[PDB]
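Below you will find one chain, with nothing else, as C-alpha cells; this is the form solved without N-[1H-indol-3-yl-acetyl]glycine acid (IAG), and questions on how it binds or moves follow later.
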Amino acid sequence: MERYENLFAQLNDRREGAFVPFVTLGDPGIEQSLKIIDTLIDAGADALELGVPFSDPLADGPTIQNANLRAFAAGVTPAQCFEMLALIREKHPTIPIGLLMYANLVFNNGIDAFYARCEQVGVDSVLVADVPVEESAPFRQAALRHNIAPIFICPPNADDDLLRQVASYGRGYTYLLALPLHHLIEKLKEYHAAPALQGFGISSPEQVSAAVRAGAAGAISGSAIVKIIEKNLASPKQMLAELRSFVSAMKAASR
C-alpha cells in the first residue's frame, strides 16, 4: 500500500503522470517473462500490473486470453507466479506491484491466506476482476488486514452511488475504464478517492499526455504490451527492443 503513496508523491514533485504496463506472468515463458519485466522497469515503468493465468477470464479480451494460453502452455501455475513475484521484488524493492486476479484463484485456498501470501511476497495491490463493490466485503477486509490495497474498476456506466463506494473502499489507485470523463476525475477527487489511473485504450503517447491533462494521475497500458510480445513471439531479441522503445515513448509523454 505504502509503495503507491510513495510513488504518487514523488511523481507530484516532478509533476508527471505514472506509466503502468500490464503483462501476463510467465508469458511466453518464465525466464522470458522475467526478462520482459526487467526491461519494462528499466525502460521507465513506474509500476506494474501483473496477471496470473486463469482458465476462464470472462472479463478479458482475446489479446489477454491468448496470453494466458501461452503461459499455461509454458507450464505456469499460481504457485510458480508467486515464486516469480518474490524474485521480481528481490531485485526491485521500490516498484509498486499490483496483481490482476480472478475470484476463484483468490478463494481457492481461503481468502485471507491469499492476501497473507501477497503481503509475504511483497505485493502492493490486488484487483479481482469479477468482484463488484457489492460483493467485495471479504476481499476488501482481508486485503486491508494484510496491508494490501484493494483496487476497484470505475466503469463508464458508473453512477454516483458507485462513485462514493469506489472512493471509500479502494486504496493505492482507482482503475478508470455516459459521463464527461473530466467530471469523473472531478467527482473522485471530491470524494477523496485514491488517485485515478486511466486504463481504457492507452496505446499511444498522445493518450498518456491527454490522461494527465484530463486530471488522471497516469495511465495503465492494458494490452499494448501483450501485443508486442505476440508480434515478436517469433523473435525475442526484438521483442525486448520493441518493448524498451514503446515504454520509453509512453513514459516521456507522461512528463
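The first residue of the sequence shown is number 1, and the count goes up from there.
Quick note: we don't show the form solved in complex with N-[1H-indol-3-yl-acetyl]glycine acid (IAG), though the next part is all about it.
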Q) Site superposed, N-[1H-indol-3-yl-acetyl]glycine acid (IAG) placed from its pose in the deposited complex: open or blocked, blocked meaning at least 3 ligand atoms within 2.4 Å of a backbone or C-beta atom? A) blocked
Q.
Please determine whether each residue of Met1, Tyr169 and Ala194 possesses a non-hydrogen atom within 4.5 angstroms of N-[1H-indol-3-yl-acetyl]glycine acid (IAG) in the deposited complex.
A. no
Q) Pick from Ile153, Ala103, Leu144, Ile95: which has a non-hydrogen atom within 4.5 Å of N-[1H-indol-3-yl-acetyl]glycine acid (IAG) in the deposited complex? A) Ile153
(Q) Is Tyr175 near N-[1H-indol-3-yl-acetyl]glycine acid (IAG)? Define near as a heavy atom within 4.5 Å, in the deposited complex. (A) yes
Q.
Taking any heavy atom pair closer than or equal to 4.5 Å as contact, tell me whether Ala129 reaches N-[1H-indol-3-yl-acetyl]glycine acid (IAG) in the deposited complex.
A. yes
Q. Is there a heavy atom of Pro53 no more than 4.5 Å from a heavy atom of N-[1H-indol-3-yl-acetyl]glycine acid (IAG) in the deposited complex?
A. no
Q. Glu49 near N-[1H-indol-3-yl-acetyl]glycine acid (IAG) in the deposited complex, any heavy atom under 4.5 Å?
A. yes
Q: Choose from 185 to 193, 53 to 61, 210 to 218, 34 to 42 the stretch whose residues reach within 4.5 Å of N-[1H-indol-3-yl-acetyl]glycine acid (IAG) in the deposited complex, heavy atoms counted.
A: 53 to 61
Q.
Given a 4.5 Å distance limit between heavy atoms, list every residue of 1 to 18 close to N-[1H-indol-3-yl-acetyl]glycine acid (IAG) in the deposited complex, or none if there are none.
A. none
